[PDB]
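K.L.:
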Amino acid sequence: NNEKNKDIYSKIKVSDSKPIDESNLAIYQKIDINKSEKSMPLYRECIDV
RNA sequence: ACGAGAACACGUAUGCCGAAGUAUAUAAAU
């Protein structure tokens, strides 16, 4: 419940990621999973499985 | 025919001689 997590935010440091080669990149369609699976108009580049 | 008349307070040398605008302290926490 934000245990002053604004404070601890400074004391834990995360580096950026190392490179990810292309063979692990894919294009996917955004799908609205619901009672009837819908399809969003646009697509995305995202990391593969 | 004036206790008068003549007589450069002159001539030599300079502000020097050594020193550091120096001493640490993240353009920072989303």
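Going by the authors' numbering, the first residue of the first sequence is number 147, and it counts up by one from there. We put the CB at the ideal spot given by N, CA and C, even for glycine.
From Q175 to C192, what does the alpha carbon distance come to, in whole angstroms?
P.N.:
Translated into positions along the first sequence, residue 175 becomes position 29. Translated into positions along the first sequence, residue 192 becomes position 46. So the alpha carbons of these two residues sit roughly 10 Å apart.
K.L.:
Between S185 and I177, how many whole angstroms is the CB-CB distance? I'm expecting something under 8 Å.
P.N.:
Taking the first sequence and counting its residues from 1, one reaches residue 185 at position 39. Taking the first sequence and counting its residues from 1, one reaches residue 177 at position 31. The pair is a contact, with the Cβ atoms about 6 Å apart (cut-off 8 Å).
K.L.:
If you follow the beta strand (DSSP E) that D178 is part of, which residue opens it and which one closes it?
P.N.:
By 1-based counting over the first sequence, the position of residue 178 is 32. Segment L171 to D178, the beta strand (DSSP E) holding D178.
K.L.:
Give me the Cα-Cα distance between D194 and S169, rounded to the nearest whole angstrom.
P.N.:
Here the question's residue 194 lines up with position 48 in the first sequence. Here the question's residue 169 lines up with position 23 in the first sequence. Answer to the nearest angstrom: the Cα atoms are 8 Å apart.
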